[PDB]
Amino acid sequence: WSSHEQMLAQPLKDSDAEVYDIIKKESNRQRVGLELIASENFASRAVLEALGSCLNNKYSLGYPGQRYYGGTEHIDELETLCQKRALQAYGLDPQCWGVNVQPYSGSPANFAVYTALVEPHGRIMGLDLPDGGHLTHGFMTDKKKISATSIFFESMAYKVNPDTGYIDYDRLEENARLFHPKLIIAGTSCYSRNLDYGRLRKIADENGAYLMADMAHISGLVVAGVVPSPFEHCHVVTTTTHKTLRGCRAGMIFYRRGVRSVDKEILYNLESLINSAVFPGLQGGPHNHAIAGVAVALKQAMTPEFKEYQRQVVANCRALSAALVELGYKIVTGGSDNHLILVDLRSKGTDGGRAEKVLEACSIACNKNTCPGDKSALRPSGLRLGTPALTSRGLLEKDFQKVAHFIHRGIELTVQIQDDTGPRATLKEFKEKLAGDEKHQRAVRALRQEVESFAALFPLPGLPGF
């Protein structure tokens, strides 16, 4: 009862060792492995220091202008600061753009926008999942609506041409006239090319819809001016703050302000609709410590060191892609414009499903993804590979070429295990063959060793080995 006070002060290491132990083992796993997953990255030490601040303790509903309670002098300073830096980082004029920084994550942010501009059962159009789209853009089958976007709104996808790997803007322009979308989403999870915001904008205006850009995967590249900005043509732009922006987990909603169109002119009503949808609509108290982390990350994103980091990110992808082409791999759309590439593993007689398990055992992380062609979702042909994470650890073009060879070694290994499993074998069985087979298990042990040795040569951002 008297030790209760020594409880709220006791460091984590002493307080709870079981959790401490896990954090350590995870920190170590992150260190000796190769992170090639397009969505992961390492947050800076400063950003992580903000998350554990006393900002966790302040409960504040509403926005800076109008809060439900008092005692928000500093929380207002903070939210305001965060909003200013966000507009600044993307070079936006606060008279033409606004920003909400309360979303808890990427998904929540998207959902808030649909709830504000679309309304229940409203129509939304997004990139089909197998063609590189995201769940929050809509996902359903003929018998069931899986994603929330599909459960509460009426969604229909547009696809990419399976022969070019690019988005079929023509067919989208046609279907939009039949579907009458209230909002069209321009954003992807596994697409290596730049989106034609200008064309998508012409299509949106043609049907009187809104053009929303979910730039979660390229927000970092956009700030460094390495890829066209979606802010030139969209009405709204949402984004996670982790991934390429390299902050903590949180989301943001950017929206236009001022005169929309003329004749005599009509105004943008986005701001109030969106603010109302986030709160009191969908959320409660904002996670202030997360806003502080986002703020810290936006300041770092405007440094020239970051702009450099990003040019490096893109350059490594080119090198990685070139090295894999030379090794005989087929890259969707032939190449990339950003930080990732979708490797069509059919050109090697295997599929991404079995390939991600073998590479994983070898401490090389990445994930399977269907290629535009793919006649089956149960046997995805590709592997999605990104460079943001490894580039933060300092890898350069020559380093990524070595990575290309490790990945290749892995694909060769997975192919060996596939011929050993059979023709109509199941992924369930493949995974068993991969664990209970000394012959294959030996190869893995070997490759993993070379991968972990190489990985250890580079630093691991964050707090002191924690």
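Residue numbers run from 1 along the displayed sequence.
In the deposited sequence, the stretch from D263 to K264 hides 4 to 9 residues that have no coordinates. Note on 76 to 84 vs 374 to 382: mean CA B-factor is higher in 374 to 382. Legend: mean Cα B-factor per stretch from the PDB entry, 160 to 168 versus 310 to 318; the higher mean is in 160 to 168.
Residue-level inspection of the entry shows that, of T421, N28, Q441, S53, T421 has the top Cα B-factor. Looking at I411, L434, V403, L48, the one whose CA carries the top B-factor in the deposited record is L434. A446: CA B factor lies in the lowest third for its chain, per the PDB record. Among all modelled residues in its chain, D142 ranks in the highest third by Cα B-factor. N57: CA B factor in the middle third of modelled residues in this chain (values from the PDB entry). Split the chain's modelled residues into thirds by C-alpha temperature factor. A224 is in the middle one. Among the modelled residues of its chain, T426 has a C-alpha B-factor that falls in the highest third according to the deposited record.
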